[PDB]
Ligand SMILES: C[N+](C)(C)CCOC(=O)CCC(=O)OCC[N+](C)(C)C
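The chain that follows stands alone, in the form deposited without the ligand, written as structure tokens.
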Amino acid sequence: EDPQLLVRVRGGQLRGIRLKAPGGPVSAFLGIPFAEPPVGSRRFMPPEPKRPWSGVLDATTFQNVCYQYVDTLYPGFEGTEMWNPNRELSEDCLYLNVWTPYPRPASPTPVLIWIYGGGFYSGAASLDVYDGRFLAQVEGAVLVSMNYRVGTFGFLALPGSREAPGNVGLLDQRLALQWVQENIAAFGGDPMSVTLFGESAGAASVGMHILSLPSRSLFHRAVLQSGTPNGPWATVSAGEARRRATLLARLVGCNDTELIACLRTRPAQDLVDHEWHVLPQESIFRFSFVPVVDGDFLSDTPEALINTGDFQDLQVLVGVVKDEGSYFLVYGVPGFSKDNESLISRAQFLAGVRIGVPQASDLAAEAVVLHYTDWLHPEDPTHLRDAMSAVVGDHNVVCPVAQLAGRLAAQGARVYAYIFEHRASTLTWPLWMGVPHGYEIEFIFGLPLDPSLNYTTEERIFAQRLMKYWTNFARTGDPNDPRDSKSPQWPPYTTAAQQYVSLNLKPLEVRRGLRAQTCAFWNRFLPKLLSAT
């Protein structure tokens, strides 16, 4: 009985496991319950705090993955399996994980809280890419990750009702944040230095905790990688949530109370069966059950909240990857496959655009096409294919990010922006996808530091750099190495200079304006065009 692996938290005792990181041991406490299982009558309901427990709770293993749609489009393929649940699905999934240095840190250590992505419809804190051992060992970071409910279970709302108020997945996250405030000192973490980081939907969640007052007292700094609370996919209005919920209810055989009670009688897989059948149009990068503008968790729309908010005492790190949009094209755009080169035609391109910008009117679609055509090579299939990718990435990720960065900087935040440009050598997606959504995570988490994983030596040094930026940022609100010179420095993003860095194998390079002309198009012009039907 190793006394390093034995911790008393507020609800009783836990026993972790000593894990090996390539340069030393780490204490890991996996599968800690932070809420009552949200099962039976508790489905769709806010999480309640976990009741105290007798004896020593075994926390040496990852708990269950929250009930979710599983992707089976490319069965056996690593590029997809790596995001698939690696534990039993269950509605009983409200658990978090803590990695700390071994031995338990001497003084209060900065805490990183990871929030996974998965479109608010999938994900799990137990995936190998979210493995907190590397950061814990190399950097002395206390690293936390929680499961939160996804899909209908986490986000189905009948806004206004008491038994399905929506945003419960975000409340799961907030409760895990509360848990950290109350308990992380026991692990040698500093509750007074908590940095959220998250990718994609995880990023939008981090943004939503930024924009929701009760969350603000639970962390001090934030990192949003390839996603934002603003933009076309991260939220829906009360009306559209109600509509999708009633439609799903109809699709499975089902007054709010009665309707919600009926939905609670249904096996989990039944809800998931019809999850993907409530979307208002054929689309990509659009998701059925996502946080809802409820006037409660989100007091107004994200757009409204970032425009008017005060962000004085807040540091934020935001960024995107080089090819935010490639990935998604294969999941519903005619002409795209991971197996060939998807050299598309002009006509496939116009059709791709009605799918990538589902809300676009004919004129809007036209504007998009006309903006993204290379008029010197209007028929060239490589260009059209790359363009389709860019449309999807810009509209859903890069431009919402530029907008967020701009508003936070204007309204007092310290902001650092990046673009991630290194394609992992081990990647199994084709070359034409470049650096797809999500392929920076393994680098930030430190996976190349595991010799068994066959990353190059350059990649292993790259990873060490990123881990340093992220944890420096966690420590100080500033990603720059606070004792180092001639690097050069990563400058803050500002609305005037618009400086950001490229993250790749070469040293930091400062660039200005994040797709500045094209995001002017999405962020300023396109709204005007749509606000005429």
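Don't overthink the numbering: it's just position in the shown sequence, from 1.
Here the subject shifts to the form solved in complex with the ligand, a form of this protein not shown in this document.
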Practice prompt. Considering only heavy atoms, tell me if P105 and the ligand come within 4.5 Å of each other in the deposited bound form.
Written response: no
Worksheet item: So, in the deposited bound form, is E88 in contact with the ligand at a 4.5 angstroms heavy atom limit?
Response: no
Worksheet item: Is the gap between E81 and the ligand in the deposited bound form 4.5 Å or less for some heavy atom pair?
Response: yes
Worksheet item: Quick one: does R149 come within 4.5 Å of the ligand in the deposited bound form, counting heavy atoms only?
Response: no
Practice prompt. With the ligand left out of view, choose which of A238, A351, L453, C254 has a non-hydrogen atom within 4.5 angstroms of it in the deposited bound form.
Written response: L453
Fill in: Sole residue of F153, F328, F197, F420 within 4.5 Å of the ligand in the deposited bound form, by heavy atom
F328
Response to the item:
Assert contact_stretch over 154-162, 115-123, 172-180, 457-465 against the ligand in the deposited bound form, heavy atom within 4.5 Å, equals 115-123
Fill in: Residues in 404-422 with any heavy atom within 4.5 Å of the ligand in the deposited bound form
none
